[PDB]
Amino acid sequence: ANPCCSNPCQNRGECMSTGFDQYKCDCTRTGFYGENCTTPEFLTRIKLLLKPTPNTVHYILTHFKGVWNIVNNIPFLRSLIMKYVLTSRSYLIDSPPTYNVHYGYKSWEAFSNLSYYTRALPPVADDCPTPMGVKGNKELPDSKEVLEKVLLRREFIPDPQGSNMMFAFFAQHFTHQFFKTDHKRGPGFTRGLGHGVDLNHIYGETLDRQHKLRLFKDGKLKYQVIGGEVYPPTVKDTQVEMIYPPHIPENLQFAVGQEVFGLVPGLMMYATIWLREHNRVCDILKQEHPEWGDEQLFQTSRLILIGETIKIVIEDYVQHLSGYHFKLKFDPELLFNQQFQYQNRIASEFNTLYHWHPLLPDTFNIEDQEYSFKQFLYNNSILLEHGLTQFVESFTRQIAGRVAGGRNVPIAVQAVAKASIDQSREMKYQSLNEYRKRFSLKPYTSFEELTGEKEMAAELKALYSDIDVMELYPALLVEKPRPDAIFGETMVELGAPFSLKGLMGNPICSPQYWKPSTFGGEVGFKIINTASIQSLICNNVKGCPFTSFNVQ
């Protein structure tokens, strides 16, 4: 009965009720006017007419390899293009943040309470007649129905971009510092109060936890040596709380910043590499600063590791994801003459579309073994038996699954995929096409346009009837991918703004932080500005095995 239930305001105008059965659209600064903010202003007609489609742009970025080769080798030109990449979409992220699961209007509670994920689109009001607002049936289609017909893997569909398990586990490890749902409160709540790349998954969310992980000598983190190899300490040594099944022996209860990282040895692998990396930087900083104490060595190392992470995510991780020939660049100075907010609030929808479980293989292939999920989960003895070098060599070779294109979620984690559907609904997510409009994309006009094929589309059309009732999460997983790409348009276009905002919004990218002395001088600064996935593994994994985010 809320008069705004039909989402009547277009072009990011805001709907407000003006009585029981009337509404008003606030078209302030949308570029549009009129009752529903649908009449474009003159300057808006022009730019709309001159704006290429995302699929047109994606074509240009993935072709003309020779032209892009020239651009990359002209620092001024590459800088200019990367600068546009960073600012072109800032208008798409509300910063400071606005809505959350409990607030469809702006409020001081929504702005100030950091325990919420923020929301790119307000929730559908509780009293709306249908889950998507006014369209569709009283209830959305059975989520198990949707799961089985279009989401579950039949046969493994490999990623055509060649993502490997180093990438898959890097994505899982990296994202689990800011996707940390507080299930004691609900799916719209997080425990990552830093709301970004603070490396709490290495150092701990709280000071108490951090101090239990620290050696308090030379800035270093505690560690144990097993078979000549450095691994994280135990729960017994540190008193750090970790999530482990009751049968895990004490000497295998490794303690790391993130309490769930004992769930899979792929995560413990990266937890071990980054712990080693922190202590390596401690040695470097102590050599440069014999006069420094333990506290300053730890803090400066932490700042450098934050920088390395952002460097790797942009220039290796996103670079791989994009398939662009243009070489992305981590350069905070590109924003110094630009309007940009050095802050971030993690959006629920960003969490939702980062649910890349189709990446997971049917078995995890380390050396000559092929572990099933049951053997793999919560089993750190695999990491000790094979070691990090063999983990890297094996995971560099093993292909990851395709995420878009449908029917590639391994049934081992079908409960998680069903929870993504159920809890998206619980959080009153708007429809896929509302989210498409919110990120300047054309609404899909049929299920076949969404999938690009006929069979999944037909199953989805029988379940949903109307395309405007299609839900965001399943749509991402069934969407037609870009040509030979891992993702469809919606994933890239909705996820990229959150992603870059979460990286460039970090305080170390602000002008007063982005200078050598923040990082202990030019030597510490250079560790950030030369980091890579290859060198991260090379400095911290015995034998310096080759690695990358794609197979071969």
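Each residue number is its position in the shown sequence, starting from 1. For clarity, a rigid core is taken as the largest C-alpha set superposing within 1.5 Å between two forms.
Comparing 89-97 with 462-470 in 5 other deposited structures of this protein, after superposition on the rigid core, the stretch with the greater RMS C-alpha deviation is 89-97. Remark: when the other structures in 5 other deposited structures of this protein are fitted onto this one via the rigid core, 80-88 deviates more than the alternative among 80-88 and 219-227, judged by RMS CA distance. In this entry, the higher average B-factor at the C-alpha atoms falls on 134-142, of the pair 134-142 and 319-327. Remark: stretch with higher mean C-alpha B factor among 520-528 and 31-39 is 31-39. Within the group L252, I81, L476, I421, the record's highest C-alpha temperature factor is found at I81. Going by the entry's values, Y464 shows the largest Cα B-factor out of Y116, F391, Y464, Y231. Sorting the modelled residues of the chain by their CA temperature factor places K501 in the lowest third. Per the deposited record, the Cα B-factor of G219 falls in the lowest third when ranked against the other modelled residues of its chain.
In the PDB entry, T175 places in the lowest third of its chain by CA B-factor. Annotation for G66: C-alpha temperature factor in the highest third relative to the rest of the modelled chain, per the entry. Placement of the Cα temperature factor of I284 within the chain: lowest third of the modelled residues, per the deposited record.
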